[PDB]
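In what follows, a single structure is set out as structure tokens and then discussed.
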Amino acid sequence: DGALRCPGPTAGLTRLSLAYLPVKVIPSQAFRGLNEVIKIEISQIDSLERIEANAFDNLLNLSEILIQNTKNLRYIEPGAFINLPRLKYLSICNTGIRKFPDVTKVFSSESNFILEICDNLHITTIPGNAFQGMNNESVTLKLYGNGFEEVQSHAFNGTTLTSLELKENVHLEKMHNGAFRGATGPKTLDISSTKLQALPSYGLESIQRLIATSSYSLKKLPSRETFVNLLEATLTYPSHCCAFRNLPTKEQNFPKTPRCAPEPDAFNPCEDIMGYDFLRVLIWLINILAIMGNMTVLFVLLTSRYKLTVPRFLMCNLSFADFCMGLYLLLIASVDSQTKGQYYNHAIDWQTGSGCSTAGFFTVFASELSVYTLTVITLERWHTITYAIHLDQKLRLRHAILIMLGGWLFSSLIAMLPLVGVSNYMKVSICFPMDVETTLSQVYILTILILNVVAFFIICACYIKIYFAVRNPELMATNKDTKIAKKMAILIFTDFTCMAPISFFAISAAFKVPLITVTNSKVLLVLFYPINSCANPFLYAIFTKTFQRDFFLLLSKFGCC
């Protein structure tokens, strides 16, 4: 109760909660009127922005303290708590204290006591010896969503810390190694969403459990020699599981107390990206074959005497997409190359930087370009053959060029979408955009899948219409129409048989649903997914009359034949 904007209660109360009442200052040591006190929580008492020191005089039996929604509190004076041996809970929420309060004047002896600071965006750092002479048995520290930016070395003395928590501490940058020089424990620590560069060398050596989910900055972890009792761990990088999967040497000089999360589901294995017993060289062979085929197709297209028609433009776009996919595969193989199978403590330098981001952007751009090229090829036959009776209204090369430019722009936008931050390409070993950890990323993945399904359905409908109207509707020209239909069907089949199962497997992996198995689920995405880069050019060198004629002419003229 607050009278004249000050404490004026007249009846002894223990579990009284501070509700909306007239209060602006807590008198110093004038807390009379209450003989036995259990908990005094000020949540709807934000009018009392400033409280004088030594407000609690003889609150020996006080159990819980919770100040919430007191944003108007500019700062907390030293010696807020004086006598409270039976203290069991303390929490400060939403307070706008620019300086860390001096809680060293509180004397208590309890083991279940927990001190939590939350919703505070004004605290800069925890000063040294902040909790000096506060408790004698155990303290549980929580900093859920605090505004602290750094920590001070040796910021603990005269007390034992059972566990620590720093969840949602995005403003925090780093903490000194010797931050717990004179501290005990902690048994468990939390660094989730803390943006900590590295764990402290001292104080954390006795940590049994750790939490670093969504840290996004824990590229370095302590050596396994220092952490000899890590009972559990939750690291957002699924690469330390293999290095930390060591049982303790309890007896016989070599019990599996060590643990990691997430488990090694083979999505980011300790070995190379594609390194298997015999499938390591398959990726390299496929990449070389695709690169050679794309180079040959590009050379034939550039050196072709005839003008680049709309089917020729579509073939050139498909060859460019295949070349981009082959270059991405070659870069991935080179990254996997020379690792010698020890690529477990190496992904930190792999995903971080512009490497995997560029690889994922290139892969997305190649996929979008291939999809748009297939759609354009399907749509071209829907008007030239079906609408032959209106052949005078046939589209010109300018329209095809504009369509190709629009498709390239759409592919570039799709590739740049995860670069801004919509999706993360660092969630896979192959460094591809298969992250569903965010609502925006899931929405983008669903939209991409829907667009791919719509494009496939449109291509199938256009092919069916072309086949139905090839000769029945108006007329049929055997040579040109047959060649165009054969090339379009070959390209559509090569794209579908290499993308649709791959897309379904990638969607299942992102959804974390094992459809058949988790071992070979990524095998198709690693090997079967990019084969369309090489399969398409191979069909392009045996089903294109102009390309094969140009190749034969070059071979005969330029000394080859």
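Ligands are numbered from 1 in the order shown, residues from 1 within each chain, and chains are lettered A, B, ... in the order they appear in the structure tokens.
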
**Item:** Shell around stretch 187-196 of chain A at 6 Å using only C-alpha atoms, local window under 6 positions removed, as a ChimeraX atom specification
**Value:** /A:162-170,172-174,207-215,217

**Selection: 12 Å around residue A:295, only C-alpha atoms, excl. self and same-chain fewer than 6 positions, as a list in words** = residues 288, 289, 301, 302, 316, 319, 320, 321, 322, 323, 324, 326, 327, 533, 534, 537, 538 and 541 of chain A

Output file for the selection above: N, CA, C and O atoms, as a PDB file, in the first residue's frame:
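What landed in part-v4.pdb:
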```pdb
ATOM      1  N   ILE A 288      33.645 -32.053 -64.472  1.00  0.00           N
ATOM      2  CA  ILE A 288      34.487 -31.876 -65.652  1.00  0.00           C
ATOM      3  C   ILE A 288      33.690 -32.127 -66.926  1.00  0.00           C
ATOM      4  O   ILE A 288      33.809 -31.377 -67.904  1.00  0.00           O
ATOM      5  N   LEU A 289      32.868 -33.181 -66.941  1.00  0.00           N
ATOM      6  CA  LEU A 289      32.066 -33.469 -68.125  1.00  0.00           C
ATOM      7  C   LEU A 289      31.085 -32.340 -68.416  1.00  0.00           C
ATOM      8  O   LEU A 289      30.921 -31.932 -69.573  1.00  0.00           O
ATOM      9  N   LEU A 301      27.556 -22.343 -80.371  1.00  0.00           N
ATOM     10  CA  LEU A 301      26.577 -21.269 -80.511  1.00  0.00           C
ATOM     11  C   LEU A 301      27.234 -19.975 -80.976  1.00  0.00           C
ATOM     12  O   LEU A 301      26.692 -19.270 -81.836  1.00  0.00           O
ATOM     13  N   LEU A 302      28.400 -19.643 -80.417  1.00  0.00           N
ATOM     14  CA  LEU A 302      29.075 -18.403 -80.790  1.00  0.00           C
ATOM     15  C   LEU A 302      29.602 -18.462 -82.219  1.00  0.00           C
ATOM     16  O   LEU A 302      29.537 -17.466 -82.951  1.00  0.00           O
ATOM     17  N   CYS A 316      20.936 -21.636 -76.060  1.00  0.00           N
ATOM     18  CA  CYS A 316      22.046 -20.878 -75.489  1.00  0.00           C
ATOM     19  C   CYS A 316      21.804 -20.569 -74.016  1.00  0.00           C
ATOM     20  O   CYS A 316      22.727 -20.652 -73.198  1.00  0.00           O
ATOM     21  N   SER A 319      22.386 -23.724 -72.106  1.00  0.00           N
ATOM     22  CA  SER A 319      23.818 -23.982 -72.009  1.00  0.00           C
ATOM     23  C   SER A 319      24.472 -23.079 -70.971  1.00  0.00           C
ATOM     24  O   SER A 319      25.359 -23.514 -70.231  1.00  0.00           O
ATOM     25  N   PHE A 320      24.053 -21.813 -70.908  1.00  0.00           N
ATOM     26  CA  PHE A 320      24.591 -20.904 -69.898  1.00  0.00           C
ATOM     27  C   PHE A 320      24.218 -21.359 -68.492  1.00  0.00           C
ATOM     28  O   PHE A 320      25.049 -21.316 -67.575  1.00  0.00           O
ATOM     29  N   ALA A 321      22.970 -21.794 -68.301  1.00  0.00           N
ATOM     30  CA  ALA A 321      22.559 -22.305 -66.996  1.00  0.00           C
ATOM     31  C   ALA A 321      23.345 -23.556 -66.623  1.00  0.00           C
ATOM     32  O   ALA A 321      23.760 -23.719 -65.468  1.00  0.00           O
ATOM     33  N   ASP A 322      23.558 -24.452 -67.589  1.00  0.00           N
ATOM     34  CA  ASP A 322      24.349 -25.651 -67.334  1.00  0.00           C
ATOM     35  C   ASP A 322      25.789 -25.296 -66.990  1.00  0.00           C
ATOM     36  O   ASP A 322      26.401 -25.929 -66.124  1.00  0.00           O
ATOM     37  N   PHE A 323      26.351 -24.293 -67.667  1.00  0.00           N
ATOM     38  CA  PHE A 323      27.708 -23.852 -67.359  1.00  0.00           C
ATOM     39  C   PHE A 323      27.794 -23.280 -65.951  1.00  0.00           C
ATOM     40  O   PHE A 323      28.761 -23.538 -65.227  1.00  0.00           O
ATOM     41  N   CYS A 324      26.793 -22.493 -65.549  1.00  0.00           N
ATOM     42  CA  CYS A 324      26.778 -21.960 -64.190  1.00  0.00           C
ATOM     43  C   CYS A 324      26.679 -23.079 -63.159  1.00  0.00           C
ATOM     44  O   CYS A 324      27.384 -23.063 -62.140  1.00  0.00           O
ATOM     45  N   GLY A 326      27.640 -26.204 -63.558  1.00  0.00           N
ATOM     46  CA  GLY A 326      28.907 -26.916 -63.557  1.00  0.00           C
ATOM     47  C   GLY A 326      30.001 -26.157 -62.832  1.00  0.00           C
ATOM     48  O   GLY A 326      30.821 -26.755 -62.133  1.00  0.00           O
ATOM     49  N   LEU A 327      30.032 -24.832 -62.991  1.00  0.00           N
ATOM     50  CA  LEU A 327      31.002 -24.022 -62.261  1.00  0.00           C
ATOM     51  C   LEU A 327      30.755 -24.094 -60.759  1.00  0.00           C
ATOM     52  O   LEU A 327      31.704 -24.192 -59.971  1.00  0.00           O
ATOM     53  N   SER A 533      23.001 -30.512 -65.577  1.00  0.00           N
ATOM     54  CA  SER A 533      23.982 -29.632 -66.199  1.00  0.00           C
ATOM     55  C   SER A 533      24.739 -30.354 -67.306  1.00  0.00           C
ATOM     56  O   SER A 533      25.029 -29.769 -68.356  1.00  0.00           O
ATOM     57  N   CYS A 534      25.067 -31.627 -67.091  1.00  0.00           N
ATOM     58  CA  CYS A 534      25.785 -32.408 -68.091  1.00  0.00           C
ATOM     59  C   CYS A 534      24.856 -33.190 -69.006  1.00  0.00           C
ATOM     60  O   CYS A 534      25.171 -33.366 -70.190  1.00  0.00           O
ATOM     61  N   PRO A 537      23.455 -30.827 -72.063  1.00  0.00           N
ATOM     62  CA  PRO A 537      24.366 -30.616 -73.201  1.00  0.00           C
ATOM     63  C   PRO A 537      24.589 -31.866 -74.033  1.00  0.00           C
ATOM     64  O   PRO A 537      24.709 -31.775 -75.262  1.00  0.00           O
ATOM     65  N   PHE A 538      24.636 -33.039 -73.394  1.00  0.00           N
ATOM     66  CA  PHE A 538      24.842 -34.279 -74.136  1.00  0.00           C
ATOM     67  C   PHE A 538      23.704 -34.528 -75.116  1.00  0.00           C
ATOM     68  O   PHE A 538      23.935 -34.950 -76.256  1.00  0.00           O
ATOM     69  N   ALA A 541      23.997 -32.144 -78.185  1.00  0.00           N
ATOM     70  CA  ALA A 541      24.976 -32.459 -79.215  1.00  0.00           C
ATOM     71  C   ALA A 541      24.550 -33.621 -80.103  1.00  0.00           C
ATOM     72  O   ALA A 541      25.289 -33.976 -81.028  1.00  0.00           O
TER      73      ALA A 541
END
```

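Distance check against residue A:382 using only C-alpha atoms: of A:515, A:445, A:467, A:292, the minimum falls on A:467.
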
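With atom CA of residue A:133 on one side and atom CA of residue A:90 on the other, the separation reads 15.6 Å.
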
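Within 8 Å of stretch 519-526 of chain A, once only C-alpha atoms are used and residues closer than 6 positions along the same chain are dropped, the contacting residues are residues 266, 267, 274, 430, 502, 505, 506 and 509 of chain A.
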
**Request:** Determine, counting only C-alpha atoms, which protein, DNA and RNA residues have an atom within 12 Å of an atom of residue A:543; residues of the same chain fewer than 3 positions away are not included. Present the result as a list in words.
**Result:** residues 315, 482, 483, 484, 485, 486, 487, 488, 489, 490, 491, 536, 537, 538, 539, 540, 546, 547, 548 and 549 of chain A

Would you mind exporting the chosen residues as a JSON list (two decimals), in the first residue's frame, restricted to C-alpha atoms?
```
[["chain", "number", "residue", "atom", "x", "y", "z"],
["A", 315, "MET", "CA", 19.46, -23.57, -76.24],
["A", 482, "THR", "CA", 9.61, -32.47, -85.39],
["A", 483, "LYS", "CA", 13.11, -31.24, -84.49],
["A", 484, "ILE", "CA", 11.75, -28.51, -82.21],
["A", 485, "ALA", "CA", 9.36, -30.92, -80.48],
["A", 486, "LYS", "CA", 12.10, -33.53, -79.99],
["A", 487, "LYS", "CA", 14.52, -30.97, -78.55],
["A", 488, "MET", "CA", 11.86, -29.52, -76.23],
["A", 489, "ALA", "CA", 10.80, -32.97, -75.01],
["A", 490, "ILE", "CA", 14.42, -34.01, -74.40],
["A", 491, "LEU", "CA", 15.14, -30.82, -72.46],
["A", 536, "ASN", "CA", 21.24, -31.49, -71.15],
["A", 537, "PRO", "CA", 24.37, -30.62, -73.20],
["A", 538, "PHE", "CA", 24.84, -34.28, -74.14],
["A", 539, "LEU", "CA", 21.34, -34.36, -75.61],
["A", 540, "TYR", "CA", 22.07, -30.98, -77.22],
["A", 546, "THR", "CA", 22.31, -26.91, -86.53],
["A", 547, "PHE", "CA", 24.72, -27.57, -83.66],
["A", 548, "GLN", "CA", 25.90, -30.91, -85.04],
["A", 549, "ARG", "CA", 26.23, -29.43, -88.54]]
```

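What separates atom CA of residue A:360 from atom CA of residue A:432 is a distance of 4.7 Å.
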
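Atom CA of residue A:409 is positioned 25.7 Å from atom CA of residue A:504.
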
**Exercise: residue A:249 partners within 12 Å, only C-alpha atoms, chain neighbours under 3 positions left out, as number ranges by chain** = A: 225, 228-229, 246, 252-258
